[PDB]
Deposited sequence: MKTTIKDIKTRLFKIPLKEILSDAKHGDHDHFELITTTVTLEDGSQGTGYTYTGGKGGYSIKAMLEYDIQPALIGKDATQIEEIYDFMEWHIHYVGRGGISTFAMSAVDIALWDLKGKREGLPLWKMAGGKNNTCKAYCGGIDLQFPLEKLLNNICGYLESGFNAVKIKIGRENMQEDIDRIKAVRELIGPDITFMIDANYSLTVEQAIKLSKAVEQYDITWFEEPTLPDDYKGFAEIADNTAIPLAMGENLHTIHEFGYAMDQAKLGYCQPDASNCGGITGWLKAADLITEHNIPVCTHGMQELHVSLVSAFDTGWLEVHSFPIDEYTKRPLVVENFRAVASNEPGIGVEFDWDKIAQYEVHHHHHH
């Protein structure tokens, strides 16, 4: 077949962050390039916060890629289903959905270039721009630096921000949230993210203390595994709950929609099964009339948040867009998806070559 998979090539880069995020001094980028019989090439990717890169590459090169050679790249859903059961024993999430994601995305890249369509269209096409917020203002920033960075985001042309909470001393979270609300005024959108570092009781107490400052959502108050804990927090608080970048499985988005009482949901195409797996979560989340949001990977998700046109795009702190041929375009406070056929993302291979790592 002309669309028969002929070669796959995965690469691992360790790319240094300019700022520490709390602790991360670099992120890992895994690119996967799929070449077809007719010479067509697509590239997908996934990423980590420093751990897993080698492990993902290893699963791709020894477990998955060998099995996919000779398959017909047009059969994306078939290939996705194949991968899910191929590595099931060592799957049901984890490293295995990161690896799946890199391949899937590549197949979708191929398809968009094949059909001359951009991903925001292929993914549902309801819109091509979306709401956007700057996330990941570090927990460990002193107040002054916190407020300054926020000034910087607003000044750069954003109208929405998210800060990290979950300090040992809760009064410090409260005071900071208060501080930020007063800096940004009443017309800026304000989220908080506790990186699943709180107990139900702690979360309930913090939320109840800050709902006066008009918080748009409370992200990952406690462990993402604790759906009933989420329900318990929701039942006792007036701030909508959000997750999750950490759910890796359509079944896990199932649990969350059934039990966790979310106001927002945040599937990450990099680790819940590429565009295929992401669309299943987006479809389910939409069935529940909850806004479809994303985490990380903004250069890719701008297309997918826009396609569904209900939620927010996180402008994440891992600056992957910076190493592409299109850094995130933001017009009038909204992120603008690209009309380039494929997934809308092309890697500046010359730039990242220095960060490639081996064996």
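Within the chain's deposited sequence, the coordinate-free stretches run 23-27, 365-368 in sequence order.
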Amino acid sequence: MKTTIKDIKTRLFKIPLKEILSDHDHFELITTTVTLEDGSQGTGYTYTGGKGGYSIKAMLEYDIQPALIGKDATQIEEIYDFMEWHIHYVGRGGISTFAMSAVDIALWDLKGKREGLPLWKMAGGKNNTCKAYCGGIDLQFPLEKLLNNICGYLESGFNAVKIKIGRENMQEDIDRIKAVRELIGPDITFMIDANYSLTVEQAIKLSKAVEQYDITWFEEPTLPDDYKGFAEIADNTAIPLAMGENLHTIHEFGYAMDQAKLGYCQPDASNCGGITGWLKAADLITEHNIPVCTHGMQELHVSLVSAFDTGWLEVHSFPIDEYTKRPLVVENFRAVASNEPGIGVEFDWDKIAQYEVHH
From here on, numbers count along this sequence of modelled residues.
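Stretches 78-86 and 272-280 differ in mean C-alpha B factor, with the higher average recorded for 78-86. With 221-229 and 99-107 compared on mean CA B-factor from the PDB entry, the stretch scoring higher is 221-229. Among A123, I150, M191, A242, the highest C-alpha B-factor in the deposited entry belongs to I150.
Across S306, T31, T35, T48, the entry's maximum B-factor at the CA atom is seen for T35. Sort the modelled residues of the chain by CA B factor and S55 lands in the lowest third.
Per the PDB record, residue ranking by Cα B-factor puts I15 in the middle third of the chain. Compared with the other modelled residues of the chain, the Cα B-factor recorded for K178 ranks in the highest third. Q65: CA B factor in the lowest third of modelled residues in this chain (values from the PDB entry).
Ranked by C-alpha B-factor against the other modelled residues of its chain, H316 falls in the highest third.
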